[PDB]
């Protein structure tokens with residue numbers, strides 16, 4: 001596990017919050033990106049299948065409302081949550097589609 | 001071996017879903033623990049600060065309702081996201097202090 005008093009449950013978050021630092025050329029790192037931008041990027045980051053169940057819709061419609069705005073940690077979070085809901089890793093994830 | 005065309009954002013997600021497995025050493029994954037259990041676990045796993053506000057209020061009530069009920073990875077997701085939005089760390093995070 002990690003080295004603050006660093007459990008892997010915590011680490012997952014630490015990783016996410018720092019990972020925002022890498023995305024694109026930007027005015028440093030705010031919190032997250034613009035809404036649609038996020039959705040147009042992460043699909044590229046997760047090239048597993050994008051099988052896209054009703055939670056794709058659940059999310060997409062949310063982006064459709066006011067994509068223009070800027071995402072913050074939680075907002076990004078629940079969206080990637082939904083994404084994990086959609087692309088159901090199952091077990092044979094890194095196998096990649098076999 | 002595991003070598004799909006994943007990327008940091010994916011890597012974070014695959015890490016999260018695997019953390020349900022690993023562990024305290026057990027096999028498989030429950031998918032997930034209980035709700036209060038979860039809140040207790042995250043505050044325990046994150047001894048960084050856990051100042052807990054606003055989405056604390058959201059979570060606390062949501063847990064209060066029927067904590068006895070099981071949690072699942074999708075709910076867990078937004079619930080920790082809410083936490084990233086509660087405890088807005090910076091400066092010297094995994095550095096701890098020194």
Problem set entry | Cβ-vector label at 7 Å, residue B:47, separations to other copies in nm | 4.3
Exercise. Can you put A:71, A:93 in order, fewest other beta carbons within 10 Å first?
Worked result: A:93, A:71
Exercise. According to the square roots a ≥ b ≥ c of the eigenvalues of the Cα gyration tensor, what is the shape class of segment B:11-67, taking rounded for a/c under 1.5, prolate for a/b larger than b/c otherwise, and oblate for the remainder?
Worked result: prolate
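Could I get the Rg over Rh figure for the protein assembly as shown? Both from C-alpha atoms, Rh via Kirkwood, rounded to two places. Intermediate results must be reported in sequence, preceding the final value.
Numbers: Rg = 16.5 Å, Rh = 17.6 Å.
Reported Rg/Rh, Kirkwood definition of Rh: 0.94.
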Exercise. So, in Å, what gap is there between the alpha-carbon centers of segment B:1-40 and segment A:1-41?
Worked result: 17
Exercise. Counting only other chains, what is the mean number of Cβ atoms within 10 angstrom of the Cβ of each residue in peptide A:63-74?
Worked result: 2
For this session: Sort A:85-92, A:18-25 for me by packing, meaning the mean count of neighbouring Cβ atoms within 10 Å per residue, highest on top.
Result: A:85-92, A:18-25
Exercise. Shortest first, in nm, what separates the label point of residue B:3 from those of the same position in the other copies (7 Å along Cα→Cβ)?
Worked result: 2.8
For this session: Please express the shape of chain A as an equivalent ellipsoid: the semi-axes are the square roots of 5 times the eigenvalues of the C-alpha gyration tensor, given largest first in whole angstrom.
Result: 22, 21, 12
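Can you give the helix-only mean residue ellipticity at 222 nm for chain A, where every DSSP H stretch with n ≥ 4 adds -39500 (n - 2.57) and the sum goes over all residues, rounded to the nearest 500 deg cm²/dmol? Don't jump to the answer; show the numbers that get you there.
Working: 4 runs with 50 residues, N = 98.
The helix contribution divided over chain A gives -16000 deg cm²/dmol.
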Exercise. To the nearest Å, what is the center-to-center distance of segment A:56-91 and segment B:64-93, using C-alpha atoms only?
Worked result: 16
Exercise. What is the average number of partner chain Cβ atoms found within 10 Å of a Cβ in A:80-91?
Worked result: 5
Exercise. From the label point of residue B:26, set 7 Å from Cα along Cα→Cβ, how far away are the matching label points in the other copies, in nm, ordered shortest to longest?
Worked result: 3.5
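May I ask you to sort A:95, B:13 by Cβ crowding, counting other Cβ atoms within 10 Å and putting the fewest first? Provide the component values of the computation, followed by the final result.
Values: A:95 12, B:13 25.
By the 10 Å Cβ count, ascending, the order reads A:95, B:13.
Read the figures in this text as sums done on the coordinates, not as results from a lab. Neighbour counts are summed over all protein chains in view; Cβ atoms, including those assigned to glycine, are modelled from backbone coordinates with ideal geometry.
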